[PDB]
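Following: one structure in structure tokens, then a few remarks.
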Amino acid sequence: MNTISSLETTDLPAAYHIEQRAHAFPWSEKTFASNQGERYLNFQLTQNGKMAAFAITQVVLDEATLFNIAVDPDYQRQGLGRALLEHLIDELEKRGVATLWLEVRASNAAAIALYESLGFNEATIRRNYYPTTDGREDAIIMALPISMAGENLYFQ
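Just so we're aligned, residue 1 is where the sequence shown starts under the deposited numbering, counting upward by one.
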């Protein structure tokens, strides 16, 4: 059983624990605390009572930016990342948000392929943006159009 709900402040320790297990370049606790509040629309997915994934998204006017997403390694290939992204996308669409943006390490071919299947397009590349364990790698900035405009043609 999976449940998607708001990620609250008291959920941040559980999200931090996932981040340590899931990411090689993990966020610090202070970074997590910084990425919350009234501009955020943060979500968590819980499987059988345990947090399994989270997504941190800032919404500024009608544009949303995904700051971080992770799935706990005990829960990989179970569709949880998609489920959580689909939920986010749906909620953003309900709110009339125009675009969702994210940044991904160029070497993550699997995540890029998944994002493309959800409708994301490469917007731009940032050469050598990220550190690696060997040297540096590019960031791919991706964009997903969500909501349509409604004014259309004007008549008087």
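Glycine included, C-beta positions come from ideal geometry on N, C-alpha and C.
Exercise for the section: Find the nearest neighbour of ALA98 within the set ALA24, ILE56 and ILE146, judged by alpha-carbon distance. Expected result: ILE146
Problem - Whole-angstrom distance between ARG95 and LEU7, CA atom to CA atom - result: Going by C-alpha positions, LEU7 is about 18 Å away from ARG95.
Problem - Cβ pair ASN68, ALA83 closer than 9 Å - result: Against a cut-off of 9 Å, the Cβ pair of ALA83 and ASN68 comes out as no contact.
Exercise for the section: Compare the Cα-Cα distances from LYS30 to each of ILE18, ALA24 and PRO13 and report the closest residue. Expected result: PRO13
Problem - Which residues DSSP lists as bridging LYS50, in chain order - result: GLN47
Problem - Beta-carbon separation (whole angstroms), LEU144 vs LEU114, contact threshold 8 Å - result: Actually they are not in contact, since the Cβ atoms of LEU144 and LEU114 sit about 12 Å apart, beyond 8 Å.
Problem - Extent of the continuous beta strand (DSSP E) to which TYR130 belongs - result: Secondary structure note for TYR130: its beta strand (DSSP E) is the uninterrupted segment 121-131.
Handout entry: Close beta carbons around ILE18, own chain, < 6 Å, minus the five adjacent residues each side
Key = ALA70 and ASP72
Practice task
With distances taken Cα to Cα, identify the nearest neighbour of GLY79 among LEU45, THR9, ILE89 and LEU66.
Solution key: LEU45
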